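**Student:** Right, I'll just put the structure down here and ask away after.
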Amino acid sequence: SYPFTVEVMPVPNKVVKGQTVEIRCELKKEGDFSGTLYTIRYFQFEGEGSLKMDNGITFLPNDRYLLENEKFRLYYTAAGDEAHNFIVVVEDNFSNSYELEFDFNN
């Protein structure tokens, strides 16, 4: 809510094994203050797959990566047909976070 949010464009409600989903995101700064440096991380709770940043880096769960651009894309490649659920968390250097949750095939 404050001091930032992350807007996400539409994503599919389903994926098949080997399909890559493009997730388009934009960091929105909601106030006058806070937020010079941002990181991104993810964690997967259901299903098998890999998540990559638009700079080609593959996320390792829970590791934090520098977010260089306000507008960025993520790429989720499913490794099976079972249901997928994962969260992506963006954090600033002032203890603020914003969580996105993705569900495919449920």
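Going through the structure tokens in order, the chains are called A, B, and so on, while each chain numbers its residues from 1 and the ligands are numbered from 1 in the order shown.
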Write out as a list in words which residues come within 12 Å of residue 86 in chain A when counting only C-alpha atoms, dropping same-chain ones fewer than 4 positions away.
**Tutor:**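 Those residues are residues 41, 42, 43, 44, 45, 46, 47, 48, 49, 50, 51, 61, 62, 76, 78, 99, 100, 101, 102, 103, 104 and 106 of chain A.
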**Student:** Enumerate, in order of chain and increasing residue number, the residues of range 69-91 of chain A with an atom no farther than 10 Å from range 7-15 of chain A, each with its shortest atom pair and distance in Å to one decimal, counting only C-alpha atoms, as a Markdown table.
**Tutor:**
```
| residue | atom | partner | partner_atom | distance |
| --- | --- | --- | --- | --- |
| A:71 | CA | A:7 | CA | 9.4 |
| A:72 | CA | A:8 | CA | 9.9 |
| A:73 | CA | A:8 | CA | 9.4 |
| A:76 | CA | A:15 | CA | 9.6 |
| A:77 | CA | A:15 | CA | 8.7 |
| A:78 | CA | A:15 | CA | 6.8 |
| A:79 | CA | A:15 | CA | 9.7 |
| A:80 | CA | A:15 | CA | 8.5 |
| A:81 | CA | A:15 | CA | 7.0 |
| A:82 | CA | A:15 | CA | 9.0 |
| A:83 | CA | A:14 | CA | 8.4 |
| A:84 | CA | A:15 | CA | 8.5 |
```
**Student:** Quick one: write out the picked residues with N, CA and C atoms as a short mmCIF file (atom, residue, chain, number, x, y, z; two decimals), in the first residue's frame?
**Tutor:**
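out_26.cif, written as the output of this step:
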```cif
data_model
loop_
_atom_site.label_atom_id
_atom_site.label_comp_id
_atom_site.auth_asym_id
_atom_site.auth_seq_id
_atom_site.Cartn_x
_atom_site.Cartn_y
_atom_site.Cartn_z
N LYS A 71 10.10 -0.81 -14.46
CA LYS A 71 9.32 -1.74 -15.29
C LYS A 71 10.19 -2.93 -15.59
N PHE A 72 9.67 -4.12 -15.29
CA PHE A 72 10.43 -5.33 -15.51
C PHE A 72 9.52 -6.48 -15.78
N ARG A 73 10.10 -7.52 -16.37
CA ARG A 73 9.37 -8.71 -16.71
C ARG A 73 10.02 -9.93 -16.04
N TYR A 76 8.12 -17.35 -16.01
CA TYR A 76 7.92 -18.59 -15.28
C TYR A 76 7.75 -19.72 -16.28
N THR A 77 8.65 -20.69 -16.21
CA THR A 77 8.59 -21.87 -17.05
C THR A 77 8.14 -23.04 -16.21
N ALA A 78 6.96 -23.56 -16.53
CA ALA A 78 6.47 -24.75 -15.84
C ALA A 78 7.28 -25.99 -16.16
N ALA A 79 7.53 -26.78 -15.13
CA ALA A 79 8.20 -28.08 -15.29
C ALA A 79 7.25 -29.26 -15.15
N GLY A 80 5.98 -29.00 -14.83
CA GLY A 80 4.88 -29.97 -15.07
C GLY A 80 3.47 -29.39 -15.26
N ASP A 81 2.49 -30.30 -15.26
CA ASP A 81 1.07 -29.98 -15.51
C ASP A 81 0.24 -29.79 -14.23
N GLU A 82 0.81 -30.18 -13.08
CA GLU A 82 0.19 -29.99 -11.75
C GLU A 82 0.04 -28.50 -11.42
N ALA A 83 -0.73 -28.18 -10.39
CA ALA A 83 -0.99 -26.79 -10.04
C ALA A 83 0.26 -26.08 -9.55
N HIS A 84 0.35 -24.79 -9.90
CA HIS A 84 1.49 -23.97 -9.56
C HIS A 84 1.05 -22.83 -8.68
#
```
**Student:** Ranking A:55, A:6, A:18, A:31 by minimum distance to residue 89 in chain A and counting only C-alpha atoms, which one comes first?
**Tutor:**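 Closest residue, counting only C-alpha atoms: A:6.
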**Student:** Would you give me, as an MDAnalysis selection string, the residues in chain A that DSSP reads as strand (DSSP E)?
**Tutor:** chainID A and resid 4:8 20:29 38:46 49:53 65:66 71:78 84:92 97:104
**Student:** Write out as number ranges by chain the residues lying within 12 Å of residue 70 in chain A, counting only C-alpha atoms and excluding same-chain residues fewer than 4 positions away.
**Tutor:** A: 4-8, 24-29, 35-40, 66, 90
**Student:** Under the rule that only C-alpha atoms are counted, which of A:105, A:97, A:58, A:19 is the nearest residue to residue 74 in chain A?
**Tutor:**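 Closest residue, counting only C-alpha atoms: A:58.
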**Student:** Suppose you want the space between CA of residue 2 in chain A and CA of residue 96 in chain A; what is it in Å?
**Tutor:** 8.1 Å
**Student:** How many Å separate CA of residue 85 in chain A from CA of residue 30 in chain A?
**Tutor:**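 Spanning CA of residue 85 in chain A to CA of residue 30 in chain A is a straight-line distance of 27.5 Å.
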**Student:** With only C-alpha atoms as the atoms that count, which of A:22, A:75, A:59, A:3 lies nearest to residue 91 in chain A?
**Tutor:**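 So, comparing all the options, the nearest one is A:3.
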